[PDB]
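Read-outs throughout are calculated quantities, based only on the coordinates presented, and are distinct from any laboratory measurement. Virtual Cβ from ideal backbone geometry, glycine too; neighbours counted across all protein chains shown.
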Amino acid sequence: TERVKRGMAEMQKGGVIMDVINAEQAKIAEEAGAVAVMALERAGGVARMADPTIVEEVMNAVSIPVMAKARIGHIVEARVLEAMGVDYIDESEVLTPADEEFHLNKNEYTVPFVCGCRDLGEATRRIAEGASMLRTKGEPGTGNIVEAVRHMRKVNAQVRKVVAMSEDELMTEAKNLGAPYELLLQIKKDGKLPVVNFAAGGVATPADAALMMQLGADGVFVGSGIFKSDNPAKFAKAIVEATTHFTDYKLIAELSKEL
Amino acid sequence: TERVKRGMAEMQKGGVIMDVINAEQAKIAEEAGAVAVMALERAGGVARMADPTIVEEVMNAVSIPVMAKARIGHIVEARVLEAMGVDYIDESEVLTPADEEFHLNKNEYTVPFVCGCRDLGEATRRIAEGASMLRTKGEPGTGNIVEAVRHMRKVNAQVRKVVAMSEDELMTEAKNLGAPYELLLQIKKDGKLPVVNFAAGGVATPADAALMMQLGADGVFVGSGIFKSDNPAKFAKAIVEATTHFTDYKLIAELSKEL
Amino acid sequence: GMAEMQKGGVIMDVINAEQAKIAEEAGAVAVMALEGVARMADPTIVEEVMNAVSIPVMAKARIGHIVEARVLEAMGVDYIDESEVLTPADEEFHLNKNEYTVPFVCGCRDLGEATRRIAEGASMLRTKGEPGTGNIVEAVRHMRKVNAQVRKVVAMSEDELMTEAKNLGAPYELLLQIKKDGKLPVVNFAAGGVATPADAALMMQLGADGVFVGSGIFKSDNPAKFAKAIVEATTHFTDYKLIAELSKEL
Amino acid sequence: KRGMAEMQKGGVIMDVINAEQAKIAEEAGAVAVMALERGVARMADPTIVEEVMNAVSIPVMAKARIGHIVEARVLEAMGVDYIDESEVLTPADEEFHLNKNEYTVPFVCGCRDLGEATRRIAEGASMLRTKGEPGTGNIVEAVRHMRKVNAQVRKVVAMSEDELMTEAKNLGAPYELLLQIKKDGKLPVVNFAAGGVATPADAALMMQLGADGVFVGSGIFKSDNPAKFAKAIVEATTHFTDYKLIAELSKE
Amino acid sequence: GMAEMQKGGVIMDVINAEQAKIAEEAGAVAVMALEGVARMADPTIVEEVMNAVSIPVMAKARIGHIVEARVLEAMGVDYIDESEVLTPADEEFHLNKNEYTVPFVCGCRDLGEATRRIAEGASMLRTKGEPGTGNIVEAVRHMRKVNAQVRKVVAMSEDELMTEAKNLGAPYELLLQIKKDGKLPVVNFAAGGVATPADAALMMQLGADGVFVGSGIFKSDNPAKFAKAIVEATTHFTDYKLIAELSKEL
Ligand SMILES: [Cl-]
Ligand SMILES: [Cl-]
Ligand SMILES: [Cl-]
Ligand SMILES: [Cl-]
Ligand SMILES: [Cl-]
Ligand SMILES: [Cl-]
Ligand SMILES: [Cl-]
Ligand SMILES: [Cl-]
Ligand SMILES: [Cl-]
Ligand SMILES: [Cl-]
Ligand SMILES: [Mg+2]
Ligand SMILES: [Mg+2]
Ligand SMILES: [Mg+2]
Ligand SMILES: [Mg+2]
Ligand SMILES: [Mg+2]
Ligand SMILES: [Mg+2]
Ligand SMILES: [Mg+2]
Ligand SMILES: [Mg+2]
Ligand SMILES: [Mg+2]
Ligand SMILES: [Mg+2]
């Protein structure tokens, strides 16, 4: 059921999801206040689904939801993670795509998916294929927030326009966006996207995390840079507190010290 | 209600709809076995909605459904015909378009609409805007069946492909067609379009009418050429009998004589 | 303030006293006095119309023609239309309407053009439409474009407005004020190609503040009746039973 | 279907619009006639076709627009001997030709090259002709088409068999047909000249270039003596190397 | 008929007797004996593999290399792969495989290529994939393309098939037979880039008749175990619990 899958996804709203490679990192994230973890194994090589042993370790390490990545289009990687009992699958462009023409028919799965998007056409096509959660594609591993900004702004600007525009112009808008019409109509009616949309890819600092929230993100994904710090527990907790208290500029100043 | 509007439209299936300019022609069409008539007023000029007096004359002349044309996008021509009690509105590219960017939001009307289409993307966008019936755009006033053939074949070929293709390829197909995704999915599930699709524009002979049926049309629209004959009643009845008995080649030979 | 007084109305092109009186009698809110290079009308025609009615009288000046506009002002016209239908006198600069006492109407096709005309001092706008074709399609295009762009401006994040202004070629402070007011600061009428009662009502349904119609009124066998039909359809633009009856015999 | 087409081999087929023209053609030695009505050009009034069929004892052909299923089915039902799925009529389908395989009546189709030829055959054509250039009286395009087809067959028949798929891909020819052409040393159906034959010398030229026969148009009946002209064309086509005879036929 | 016997199986690239036996023991349906210009393998290697197992043995010939293919045939290989991974000997013409007694496998990327290879005499097909990258994306592309094109051919109106054949560059009579049979006349295996148990099962889910895998099996610390994991995932391609367990430690 759609309502279940989305309701589950919606639970994470206002929070931070962290990339973790083992039980130790998993525990640190949970302890810092992460609402979930993304289990990762992460040179010209092919990036695939993680060794299921790693995903299993992470699932055993924490009580918060655990996510993992499947290559775009990789039906079997996705069915495997589903059978393993992960809480969410990220059909991720950061892994090497298995299918360069067709995304997964996520509607046919019981596990909820997260997908990336850069604009409202991509967002609505991912939702129509059955995505229960969205995120910016951003710019992974660069530490530059600029693409996550661009994507969150684009999606949000396009939503505002759709909500405000004459209803009889929406088919032309759907055609121009490559958006499924019925989803745009429902967006107009609801005044919002039907799923949460997190920032992801390039969130490097407390100020970055708070910025994405200020731009309308529903939460934040952060990467392994957390555990490149001299004190991952402090850094992880700093990202959590900035994402939550995203208008407390005195706090965020303090949190931004010694990075 | 959608189901009502479509069910009404679906009633005309297997039949001939004829363009008529007055009560006399209206009566001849009905008498020849037409399932409906299209009331028409039809030089570099602007072609608009018919004088309501003409539409009224036609509605008074016959007991079969009466259709009339509104310019593409002309909200008020359409609301006027609706208020007048016509049975269907044809939002027609044969009249001079009032809006070159946006079609009518046909969903907001109580009267059913017919729209033209040339391919499945156009068909599904017209349906999504609320069209209850479709037709080929054909090539009006030329008497050349070639475009009606092309459009009926295109729509039908694209439907067959959609019905047969892997479900997980349908979003890519929707994107390529500019088709609303949920409508394609439902087409795949139903094995057919959700509304009837008539041939229109260039049906000149009994053999033409039977051809469109053989190509999968749900019925035929014919133009004023009927009443350019020496014996409109005979010609109109010939078109009706060919459309119905579209595999009776001996009959169609006979009907094709003295044209 | 005087322009907004006309809102919901019909303005009729008239060439003489007789036409002008008919227009007034039909319920026109104003008349546009009218008369190869197309220039300002003979002042004699404009004065004939001014003396013939009590409703506001407008007249046309060539784009950029300072002296035509100052002459009309001196004549006591109520509004000047700086009109692209006359032959432009200046192809690079519009009039600085801020420097005149008489209010101006200008044409526009999009919100950039609208706000530039306003910033130059326009007190009233209209679509450029497509004059003398009887085809409503361009008026529809222009009215939809301006209105669509306004809705987006009203809805969008304030911090994205400067990019929008730069994209539109809009004066930023007008765009900001549009966002704050929820609308344009001046009325925007449909013009160019309104041929039928249904067309007039259509432009109102699309968000127009009123309608300019042309000399085709007087081409009909019963001008007064046709003039009245346009007025009644423009006012009562959602009364489809009325509009049906008015659409008969044109 | 093919053996019947082949019985026309070496003869002249004439366009005729009525029973009189039809009788003249038969009497002149035509092997068959093409019933015509002669703007959208469609299947002829069946009345005309029936008049022609009733007028002569030689085979009667008629035309159907390209892709017009029901026109072709109607002609079939009327008992015509052959249908010409003809580009000289206004095409009813600009994307797809008739599935001639599904009919009992034999079809003739036009072609300009061996790729077209084999595609038409694969769709079920029982006879081919050049497309030529109808109503110009200019033989040049019939020459082009007959030469092209025949040159491509000579090459196919002579070439290395392991090179035939590349040839088929290049021609857009169905591979099995090309392979059988190579095996047989020839096309599997007769191929007539059509479109622009104006003089006896033209008729004989087409045969000299390898045509199996000749289609000719209404120009025969535009002449001062149709019977004599028609006979001239028949004789020049049959006696296509008799240059003294063709000389005499070419007078007046 | 002999090719179809392999359906559902795994074929493994092997360079010597030892690898060959492991492959056989793992449940391979056949082995591909393998050894700058890349040519036919030293016949010594091919014979070593033929003597080492009882399952079918395939070997590679350069595209168009008549004599390499005749030599392999004379040697008693069970199948010849006319392979684009070797350096083509003829860049214009493939082998006339119709003239050989031994069955051939050929690569294809679309249904045009598939039917041309078949018409030349291929008894078996595979994707061209993207060899030695471990990236499954091109095998996915090719298998999806061929299968999508077949479904369309099977569904489409028969009278539109000649346009389709011309568009595809497909021999018409094969396309017609595909429509009638509902499928290709030969098996079509995935090849080039299958790296993991999940990849192998994915290609089966996409409609492949079987899977070719490369020397990466023997790069693992436990070849026999890995070989078995690929076999079991290819057969039991919808058992996600098994496939999960098999995906561990690669
Ligand atoms: Cl996309
Ligand atoms: Cl990142
Ligand atoms: Cl469209
Ligand atoms: Cl028509
Ligand atoms: Cl400007
Ligand atoms: Cl006008
Ligand atoms: Cl062709
Ligand atoms: Cl000719
Ligand atoms: Cl090829
Ligand atoms: Cl490989
Ligand atoms: Mg858990
Ligand atoms: Mg950059
Ligand atoms: Mg009635
Ligand atoms: Mg054309
Ligand atoms: Mg006054
Ligand atoms: Mg135009
Ligand atoms: Mg006979
Ligand atoms: Mg030439
Ligand atoms: Mg052996
Ligand atoms: Mg690539």
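Residues that are among the aliphatic types (A, V, I, L, M), over 13 Å from D:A25 (Cβ atoms) and buried (at least 23 other Cβ atoms within 10 Å of the Cβ) within region D:208-231 comprise just one, D:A211. For A:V76, the stated conditions hold: it is farther than 27 Å from A:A148 by Cβ, crowded, with 22+ Cβ neighbours inside 10 Å and within 14 Å of chain E (Cβ to nearest Cβ).
Residues are listed down the side, and each one gets a yes or a no for (1) part of a loop (DSSP other than H, G, I, E, B); (2) over 18 Å from the mean Cα position of the chain (by Cα); (3) small (G, A, S); (4) under 18 Å from C:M5 (Cβ atoms):
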site	(1), (2), (3), (4)
C:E25	no, yes, no, no
C:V31	no, no, no, yes
C:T44	no, yes, no, no
C:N51	no, yes, no, no
C:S54	yes, yes, yes, yes
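When A:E254, A:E258 are checked against the criterion of being acidic (D, E) and outside any helix (DSSP H, G or I), a single residue qualifies: A:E258.
With respect to C:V102, determine if the residue is buried (at least 22 other Cβ atoms within 10 Å of the Cβ) and touching a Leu at 6+ places or on another chain (Cβ under 9 Å). The answer is no for C:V102.
So, A:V55, is that one in a helix (DSSP H, G or I), at the interface with another protein chain (Cβ under 10 Å from one of its Cβ atoms) and touching a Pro at 6+ places or on another chain (Cβ under 9 Å) or not? So A:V55 does not fit the description; no.
Within region E:202-250, restricting attention to residues that are acidic (D, E) and part of a loop (DSSP other than H, G, I, E, B), which residue is farthest from E:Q149 (Cα to Cα)? Among residues in region E:202-250 that are acidic (D, E) and part of a loop (DSSP other than H, G, I, E, B), the one farthest from E:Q149 (Cα to Cα) is E:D221. In region E:120-132, is there at least one residue being in a helix (DSSP H, G or I) and either surrounded by 19 or more Cβ atoms within 10 Å (Cβ to Cβ) or within 16 Å of ligand 14 (Cβ to nearest atom) (or both)? No, region E:120-132 has no match at all. Figure legend. Inter-residue proximity from region C:167-182: first residues not hydrophobic (A, V, I, L, M, F, W, C), second residues not in a helix (DSSP H, G or I), beta-carbon distance below 8 Å, spacing 6+ or different chains. Indicated pairs: C:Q177/C:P185; C:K179/C:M156. Which condition breaks for D:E95 when tested against (1) part of a loop (DSSP other than H, G, I, E, B); (2) surrounded by fewer than 20 Cβ atoms within 10 Å (Cβ to Cβ); (3) more than 14 Å from chain B (Cβ to nearest Cβ)? It fails just one condition, (3). When each of A:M67, A:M49 is tested for being closer than 14 Å to A:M133 by Cα and buried (at least 19 other Cβ atoms within 10 Å of the Cβ), the lone residue that passes is A:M67. Looking only at residues in region A:83-114 that are among the hydrophobic types (A, V, I, L, M, F, W, C) and out of contact with any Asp or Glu (no Cβ under 8 Å at 6 or more places or on another chain), which one is farthest from E:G129 (Cα to Cα)? Result: A:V86.
Yes/no per residue for (1) within 23 Å of C:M5 (Cβ to Cβ); (2) in a strand (DSSP E or B):
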| residue | (1), (2) |
| --- | --- |
| C:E35 | no, no |
| C:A69 | yes, no |
| C:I80 | yes, yes |
| C:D90 | no, no |
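Kindly check whether there is at least one residue in region A:191-207 that is within 16 Å of ligand 3 (Cβ to nearest atom) and within 14 Å of chain C (Cβ to nearest Cβ). No, region A:191-207 has no match at all. Residue pairs whose Cβ atoms lie under 6 Å apart, sitting 6 or more positions apart in sequence or on different chains, and linking a residue in region A:125-148 that is within 14 Å of chain B (Cβ to nearest Cβ) and closer than 23 Å to A:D87 by Cα to a partner that is surrounded by fewer than 18 Cβ atoms within 10 Å (Cβ to Cβ) and of a type in the set (S, T, N, Q), are A:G130/A:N107. Evaluate region C:154-169: report whether one residue or more is part of a helix (DSSP H, G or I), within 16 Å of ligand 6 (Cβ to nearest atom), among the hydrophobic types (A, V, I, L, M, F, W, C) and more than 10 Å from chain A (Cβ to nearest Cβ). The answer is no; no qualifying residue exists.
Quick check on B:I17: is it more than 10 Å from chain C (Cβ to nearest Cβ), surrounded by fewer than 24 Cβ atoms within 10 Å (Cβ to Cβ) and under 23 Å from B:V220 (Cα atoms)? The answer is no for B:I17. On the given criteria, is A:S166 farther than 23 Å from B:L185 by Cβ, within 14 Å of chain C (Cβ to nearest Cβ) and out of contact with any strand residue (DSSP E or B) (no Cβ under 8 Å at 6 or more places or on another chain)? Judged against the criteria, A:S166 is a match. Looking only at region D:98-113, residues that are surrounded by 21 or more Cβ atoms within 10 Å (Cβ to Cβ) and not in a loop (DSSP other than H, G, I, E, B) come to 6 in all.
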